[PDB]
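As structure tokens, one chain now follows by itself in the form deposited in one PDB entry.
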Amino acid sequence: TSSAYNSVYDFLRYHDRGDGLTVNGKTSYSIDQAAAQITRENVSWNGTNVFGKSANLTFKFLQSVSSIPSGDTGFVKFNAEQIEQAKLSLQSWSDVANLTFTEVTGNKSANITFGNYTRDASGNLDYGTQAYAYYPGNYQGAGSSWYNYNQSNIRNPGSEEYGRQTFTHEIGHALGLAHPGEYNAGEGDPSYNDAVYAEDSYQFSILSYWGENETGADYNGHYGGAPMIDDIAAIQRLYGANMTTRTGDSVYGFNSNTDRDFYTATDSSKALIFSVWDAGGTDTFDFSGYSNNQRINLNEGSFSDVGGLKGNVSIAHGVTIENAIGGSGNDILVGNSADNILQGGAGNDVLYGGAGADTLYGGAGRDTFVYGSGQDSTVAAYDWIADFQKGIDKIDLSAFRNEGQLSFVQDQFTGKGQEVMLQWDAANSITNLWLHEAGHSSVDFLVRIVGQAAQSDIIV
């Protein structure tokens, strides 16, 4: 098999997990096992051991306090930028789980509160700690979240990414989520070594303490400010999935119509770090503004390498994303079982539509359109390649070698199977590529091509 097919084969297994694997010498958890681990405290605003139940919550920016439940002192109320960013974090949660958030003021009590502190119980300045929060419950301070105003990232969460991230994280605790493992700041000096399972890192959960690098991802110094894939599954386990979110045709990345900063890149220097939740419609990963070689996977639960980062984009369980556009780099685009439109852009790209009737544009450059199986392009649901360049692009059928090397025939099939034919339709200017597969009584594989193709453009 060619390296183009191999490159797809391996990318499809990027960050495989669960199923009794061991990664970094640790036990590997599936999304759902990570999610049960994150929700092990079994507490939510609906009570203890209540799962799959939605909730309507209130939140409040404290303007003063009689005391802070941790004993810390030097209260300072949220400034305008902290308020705007905290609302974005809340929205990043209610986007994915069945939660509503409504602000209250004055003397009304609230499920989730926000406030800063600046000193410890002794009255001494604290410039060391970052933030903390209290689980849902009926006790004094339940749901309250607290942030160290002496940290610039907390004062400026809109310009310092760790601040927004910290907001999303502490709100997570305030909704009932725990760290993926038993560890907390102030309690010795834990590390990724103490992780219960391999996927305990920022790549999978912003509830983690560990950098995405511990799992092989690399965000180049940036912090995603929104729930990651296992966070989404966890919060949904507690409160149910939100099926009203972005149910129209949604575009993520460049030219985004999400009105969400963490899904939006406005120019090539923007870093994207997100796990997408999308509840309906025909959706596109538009990564067209980057020049880096990217690897984009549209399979649910899978990770992509976008914009020069590694493992920075994923798609949540229960989500189907249909289209992808690469950039000017040499990209790999992998579709899912749906009907996908894949656009490689400039650069020399590898596109794989997988199952379903996909429509493929290699764009400029020397592109390869890869078929891993007869089920990729059946007659009943055939692929189109819409911009094929004779003598420049390639169609890769090397995967079929596993059942006998395919041979070309000019205009008739012998019946021995494992033959490929190109047929030119002069009236429409379409080339039909037919493959009569071993074990098939009828000719069941077809890719239609808008343009001419030569025998030497087909890799067998």
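Residue numbers here begin at 1 and follow the sequence given.
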Decide which of the stretches 192-200 and 267-275 has the higher mean C-alpha B-factor, going by the entry.
192-200
Could you check the entry and say whether 430-438 or 46-54 has the higher mean CA B-factor?
46-54
Between 231, 72, 331, 214, which carries the biggest CA temperature factor in the record?
214
Third of chain Cα B-factors occupied by residue 223:
middle
Chain thirds by Cα B factor, record data; residue 187 belongs to the highest
Tertile call for residue 260 (CA temperature factor, within chain, third-based) is the lowest
Divide the modelled residues of the chain into thirds by Cα B-factor and specify which third, lowest, middle or highest, holds residue 180.
highest
Of the three thirds of Cα B-factor ranks in this chain, residue 281 occupies the lowest
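One more form of this protein should be noted, the form solved in complex with a partner chain, which is absent from this view; the next part is about it.
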Non-hydrogen atom contact residue 129 with its partner chain in the bound PDB entry at 4.5 angstroms
yes
is_contact(residue 170, its partner chain) in the bound PDB entry, heavy atom dist at most 4.5 Å:
yes
Check residue 294 for me: does it contact its partner chain in the bound PDB entry (non-hydrogen atoms, 4.5 angstroms)?
no
Exercise: residue 133 in contact with its partner chain in the bound PDB entry, heavy atom 4.5 Å:
yes
Interface residue in the bound PDB entry among 312, 89, 151, 323, criterion: non-hydrogen atom within 4.5 angstroms of its partner chain:
151
Given that its partner chain is left out here, which of 377, 166, 304, 275 has a heavy atom within 4.5 Å of it in the bound PDB entry?
166
70, 139 and 162: each with a heavy atom within 4.5 Å of its partner chain in the bound PDB entry?
yes
Name the stretch, out of 108-116, 250-258, 344-352, 121-129, where some heavy atom lies within 4.5 Å of its partner chain in the bound PDB entry.
121-129
